[PDB]
Protein chains: 2
Amino acid sequence: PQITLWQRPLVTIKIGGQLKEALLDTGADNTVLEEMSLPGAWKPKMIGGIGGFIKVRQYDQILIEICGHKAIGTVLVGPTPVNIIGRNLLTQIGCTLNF
Amino acid sequence: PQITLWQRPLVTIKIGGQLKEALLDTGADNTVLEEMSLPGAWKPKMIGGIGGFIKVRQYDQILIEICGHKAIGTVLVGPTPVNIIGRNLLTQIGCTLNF
Ligand SMILES: Cc1c(O)cccc1C(=O)N[C@@H](CSc1ccccc1)[C@H](O)CN1C[C@H]2CCCC[C@H]2C[C@H]1C(=O)NC(C)(C)C
(Lines give C-alpha, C1' and ligand atoms only; values in the text may rest on other atoms or scores of the structure.)
Protein backbone atom coordinates (compact mmCIF):
# COMPACT_ATOMS: atom_id res chain seq x y z
CA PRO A 1 0.00 0.00 0.00
CA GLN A 2 0.96 3.54 -0.88
CA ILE A 3 -0.82 6.17 1.23
CA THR A 4 -1.20 9.88 0.30
CA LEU A 5 -1.40 12.41 3.16
CA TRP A 6 -4.57 14.41 2.40
CA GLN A 7 -6.32 12.70 5.31
CA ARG A 8 -4.72 11.36 8.57
CA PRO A 9 -2.90 8.08 7.74
CA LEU A 10 -5.08 5.81 9.91
CA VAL A 11 -4.65 2.03 9.88
CA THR A 12 -6.38 -0.91 11.59
CA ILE A 13 -4.32 -2.71 14.30
CA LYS A 14 -4.80 -5.87 16.32
CA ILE A 15 -3.10 -5.79 19.71
CA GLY A 16 -3.89 -7.95 22.79
CA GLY A 17 -6.88 -9.58 20.95
CA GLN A 18 -8.38 -6.12 20.33
CA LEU A 19 -8.97 -4.16 17.14
CA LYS A 20 -7.92 -0.54 17.20
CA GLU A 21 -7.41 2.30 14.76
CA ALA A 22 -4.02 4.04 14.81
CA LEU A 23 -2.02 6.82 13.21
CA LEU A 24 1.12 6.06 11.15
CA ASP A 25 3.35 8.70 12.65
CA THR A 26 6.83 9.35 11.23
CA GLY A 27 7.23 12.07 13.90
CA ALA A 28 6.92 9.59 16.81
CA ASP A 29 9.96 7.65 18.04
CA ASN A 30 7.65 5.43 20.08
CA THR A 31 4.33 3.61 19.74
CA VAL A 32 1.69 5.02 22.12
CA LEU A 33 -1.73 3.47 22.68
CA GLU A 34 -4.80 4.80 24.47
CA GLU A 35 -5.87 3.18 27.77
CA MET A 36 -6.18 -0.56 27.28
CA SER A 37 -5.75 -3.90 29.02
CA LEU A 38 -2.43 -5.52 28.03
CA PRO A 39 -1.23 -8.76 29.66
CA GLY A 40 2.16 -8.99 31.45
CA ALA A 41 4.73 -6.97 33.41
CA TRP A 42 5.37 -3.28 32.61
CA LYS A 43 7.84 -0.52 33.56
CA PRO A 44 7.10 3.12 34.47
CA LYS A 45 8.10 5.62 31.74
CA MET A 46 7.57 9.27 30.80
CA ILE A 47 7.47 10.58 27.22
CA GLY A 48 7.41 14.12 25.82
CA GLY A 49 5.08 15.66 23.25
CA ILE A 50 4.47 19.21 21.98
CA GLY A 51 2.91 19.63 24.59
CA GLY A 52 4.32 18.54 27.92
CA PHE A 53 4.79 15.00 29.21
CA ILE A 54 2.55 12.01 29.84
CA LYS A 55 3.00 9.06 32.21
CA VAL A 56 2.75 5.76 30.28
CA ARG A 57 3.05 2.03 31.01
CA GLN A 58 5.94 0.48 29.04
CA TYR A 59 5.42 -3.02 27.52
CA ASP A 60 8.28 -4.86 25.71
CA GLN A 61 8.14 -7.61 23.03
CA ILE A 62 4.40 -7.05 22.25
CA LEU A 63 2.94 -8.62 19.09
CA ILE A 64 0.97 -6.13 17.05
CA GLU A 65 -0.66 -6.65 13.65
CA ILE A 66 -0.42 -3.39 11.64
CA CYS A 67 -2.56 -3.29 8.50
CA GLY A 68 -2.11 -7.11 8.16
CA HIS A 69 1.65 -6.97 8.74
CA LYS A 70 2.93 -8.63 11.93
CA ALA A 71 5.49 -6.75 14.09
CA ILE A 72 7.01 -7.17 17.58
CA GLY A 73 8.16 -4.21 19.69
CA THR A 74 7.78 -1.90 22.67
CA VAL A 75 4.26 -0.49 23.02
CA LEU A 76 3.50 2.38 25.47
CA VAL A 77 -0.02 2.79 26.98
CA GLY A 78 -1.36 5.96 28.57
CA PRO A 79 -3.56 9.08 28.25
CA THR A 80 -2.90 9.78 24.55
CA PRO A 81 -5.92 11.13 22.56
CA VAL A 82 -4.98 9.05 19.47
CA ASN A 83 -3.26 5.64 18.95
CA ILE A 84 0.20 6.29 17.47
CA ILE A 85 2.38 3.83 15.60
CA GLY A 86 5.86 5.37 15.85
CA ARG A 87 9.07 4.51 14.04
CA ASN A 88 10.12 1.59 16.29
CA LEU A 89 7.16 -0.32 14.66
CA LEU A 90 7.05 1.50 11.26
CA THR A 91 10.52 0.13 10.41
CA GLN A 92 9.17 -3.40 11.15
CA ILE A 93 6.49 -3.16 8.45
CA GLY A 94 8.95 -1.71 5.89
CA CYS A 95 7.39 1.72 5.96
CA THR A 96 9.19 4.47 3.93
CA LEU A 97 8.44 8.11 3.03
CA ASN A 98 8.58 9.05 -0.68
CA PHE A 99 8.59 12.61 -2.07
CA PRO B 1 13.95 10.77 -2.50
CA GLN B 2 12.80 7.72 -0.56
CA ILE B 3 13.44 7.88 3.19
CA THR B 4 13.51 4.92 5.62
CA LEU B 5 12.49 5.42 9.27
CA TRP B 6 15.46 3.94 11.23
CA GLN B 7 16.39 7.53 12.12
CA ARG B 8 14.21 10.65 12.54
CA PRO B 9 13.22 11.82 9.00
CA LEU B 10 15.01 15.19 9.17
CA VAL B 11 15.13 17.56 6.17
CA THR B 12 16.56 21.02 5.48
CA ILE B 13 14.08 23.96 5.10
CA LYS B 14 14.48 27.51 3.94
CA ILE B 15 11.86 29.77 5.56
CA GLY B 16 11.98 33.60 5.88
CA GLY B 17 15.54 33.63 4.43
CA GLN B 18 16.69 31.19 7.17
CA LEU B 19 17.94 27.60 7.05
CA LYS B 20 16.50 25.10 9.51
CA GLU B 21 16.21 21.37 10.08
CA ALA B 22 12.70 19.92 10.35
CA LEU B 23 10.98 16.59 11.01
CA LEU B 24 8.69 15.13 8.27
CA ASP B 25 5.78 14.33 10.49
CA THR B 26 2.84 12.28 9.16
CA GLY B 27 1.23 12.44 12.64
CA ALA B 28 1.05 16.28 12.54
CA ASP B 29 -1.86 18.03 10.79
CA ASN B 30 0.03 21.32 11.06
CA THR B 31 3.55 22.63 10.50
CA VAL B 32 5.09 23.95 13.73
CA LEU B 33 8.31 25.93 13.93
CA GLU B 34 10.54 26.86 16.89
CA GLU B 35 10.49 30.62 17.81
CA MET B 36 11.75 32.66 14.86
CA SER B 37 11.20 36.03 13.20
CA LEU B 38 8.61 35.86 10.40
CA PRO B 39 7.50 39.10 8.66
CA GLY B 40 3.83 40.28 8.51
CA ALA B 41 0.50 39.74 10.32
CA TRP B 42 -0.49 36.68 12.43
CA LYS B 43 -3.43 35.22 14.40
CA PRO B 44 -3.39 33.72 17.92
CA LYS B 45 -3.83 29.91 18.03
CA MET B 46 -3.69 26.95 20.40
CA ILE B 47 -2.53 23.52 19.21
CA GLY B 48 -2.77 20.22 21.07
CA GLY B 49 -0.25 17.40 21.12
CA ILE B 50 0.73 14.68 23.55
CA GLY B 51 1.21 16.32 26.97
CA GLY B 52 -1.15 19.27 26.45
CA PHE B 53 -1.30 22.52 24.49
CA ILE B 54 1.02 25.30 23.33
CA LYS B 55 0.26 28.91 22.28
CA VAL B 56 1.46 29.53 18.69
CA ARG B 57 1.52 32.40 16.18
CA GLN B 58 -0.38 31.56 12.98
CA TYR B 59 1.07 32.75 9.62
CA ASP B 60 -0.86 32.10 6.36
CA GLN B 61 0.43 31.71 2.79
CA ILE B 62 4.10 31.41 3.90
CA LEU B 63 6.66 30.24 1.31
CA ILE B 64 8.66 27.30 2.54
CA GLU B 65 11.45 25.47 0.70
CA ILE B 66 11.37 21.83 1.89
CA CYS B 67 14.32 19.77 0.69
CA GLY B 68 14.52 21.83 -2.54
CA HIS B 69 10.75 21.60 -3.14
CA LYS B 70 8.81 24.89 -3.00
CA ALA B 71 5.51 24.96 -1.04
CA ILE B 72 3.14 27.68 0.24
CA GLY B 73 0.95 27.16 3.32
CA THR B 74 0.10 27.87 6.94
CA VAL B 75 3.13 27.78 9.26
CA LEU B 76 2.78 27.93 13.08
CA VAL B 77 5.52 29.53 15.29
CA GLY B 78 5.83 28.66 18.98
CA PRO B 79 7.68 26.82 21.78
CA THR B 80 7.96 23.42 20.01
CA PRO B 81 11.24 21.55 20.80
CA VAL B 82 11.56 20.36 17.16
CA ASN B 83 10.57 21.91 13.79
CA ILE B 84 7.68 19.89 12.36
CA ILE B 85 6.53 19.72 8.76
CA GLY B 86 2.93 18.52 9.05
CA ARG B 87 0.53 17.18 6.43
CA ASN B 88 -0.64 20.62 5.22
CA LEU B 89 2.85 20.99 3.64
CA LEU B 90 3.68 17.27 3.07
CA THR B 91 0.85 17.02 0.48
CA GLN B 92 2.53 19.96 -1.35
CA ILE B 93 5.80 18.10 -1.93
CA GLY B 94 4.07 14.88 -3.09
CA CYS B 95 4.93 13.05 0.09
CA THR B 96 3.51 9.48 0.42
CA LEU B 97 3.89 6.65 2.96
CA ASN B 98 4.93 3.30 1.45
CA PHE B 99 4.87 -0.07 3.20
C1 LIG C 1 4.53 10.58 20.88
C2 LIG C 1 5.98 10.99 20.69
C3 LIG C 1 7.07 10.07 21.10
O4 LIG C 1 6.76 8.88 21.66
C5 LIG C 1 8.40 10.46 20.91
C6 LIG C 1 8.72 11.69 20.33
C7 LIG C 1 7.73 12.58 19.93
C8 LIG C 1 6.37 12.29 20.08
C9 LIG C 1 5.32 13.26 19.63
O10 LIG C 1 4.54 13.74 20.44
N11 LIG C 1 5.28 13.54 18.32
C12 LIG C 1 4.31 14.42 17.69
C13 LIG C 1 5.02 15.60 17.02
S14 LIG C 1 5.57 16.77 18.22
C15 LIG C 1 7.18 16.36 18.59
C16 LIG C 1 7.77 16.85 19.76
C17 LIG C 1 9.09 16.52 20.07
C18 LIG C 1 9.83 15.70 19.22
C19 LIG C 1 9.25 15.21 18.05
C20 LIG C 1 7.93 15.54 17.73
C21 LIG C 1 3.49 13.59 16.71
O22 LIG C 1 4.32 13.13 15.63
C23 LIG C 1 2.29 14.33 16.14
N24 LIG C 1 1.20 14.35 17.13
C25 LIG C 1 0.46 13.06 17.04
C26 LIG C 1 -0.67 13.00 18.07
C27 LIG C 1 -0.08 12.92 19.49
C28 LIG C 1 -1.16 12.97 20.56
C29 LIG C 1 -2.08 14.19 20.39
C30 LIG C 1 -2.69 14.24 18.99
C31 LIG C 1 -1.62 14.19 17.89
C32 LIG C 1 -0.89 15.54 17.83
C33 LIG C 1 0.34 15.54 16.91
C34 LIG C 1 1.08 16.83 17.17
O35 LIG C 1 1.96 16.90 18.02
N36 LIG C 1 0.68 17.86 16.41
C37 LIG C 1 1.30 19.18 16.33
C38 LIG C 1 0.59 19.96 15.23
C39 LIG C 1 1.08 19.89 17.66
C40 LIG C 1 2.78 19.09 15.99
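A, B, ... follow the sequence lines: proteins, then strands. Residue 1 opens every chain. Computed over heavy atoms, backbone and side chain alike; hydrogens, waters and symmetry mates excluded.
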Is it possible for you to say whether [X] and [Y] belong to one hydrophobic cluster, with membership spreading through side-chain heavy-atom contacts below 4.5 Å?
| X | Y | answer |
| --- | --- | --- |
| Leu33(B) | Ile62(B) | yes |
| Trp42(A) | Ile47(A) | no |
| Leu90(B) | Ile84(B) | no |
| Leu63(A) | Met36(A) | no |
| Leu89(A) | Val11(A) | yes |

Mind checking whether [X] and [Y] have side chains closer than 4.5 Å, heavy atoms only?
| X | Y | value |
| --- | --- | --- |
| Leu97(B) | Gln2(A) | no |
| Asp25(A) | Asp25(B) | yes |
| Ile50(B) | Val82(A) | no |

Chain A contacts, top residue of [options] (heavy-atom pairs, under 4.5 Å):
| options | value |
| --- | --- |
| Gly51(B), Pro9(B), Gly48(B) | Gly51(B) |
| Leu23(B), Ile93(B), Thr4(B) | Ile93(B) |
| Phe99(B), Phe53(B), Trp6(B) | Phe99(B) |

Residues of residues 66-76 of chain B with any heavy atom under 4.5 Å of a heavy atom in chain A: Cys67(B), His69(B)

Would a distance-only check, ignoring hydrogens and angles, find a side-chain to backbone donor-acceptor pair under 3.5 Å from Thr26(B) to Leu24(A)? yes

Give a yes or no on whether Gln7(B) atom CD has more than 12 heavy-atom contacts from other residues, nucleotides or ligands under 6.0 Å away. no

With a 6.0 Å cut-off (strictly less than), is the heavy-atom count around NZ of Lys14(A), excluding the residue itself, greater than 12? no

Nearest non-hydrogen partners of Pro81(B) and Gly49(A), listed with the distance: CG-O, 4.5 Å

Nearest heavy-atom neighbours spanning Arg87(A) and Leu5(B): NH1-O, 2.8 Å

So, the part of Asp29(A) with a heavy atom under 4.5 Å from chain B: the answer is side chain

Identify, with sequence neighbours excluded, every residue that meets salt bridge (charged side-chain N to carboxylate O under 4.0 Å, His left out) alongside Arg57(B). none

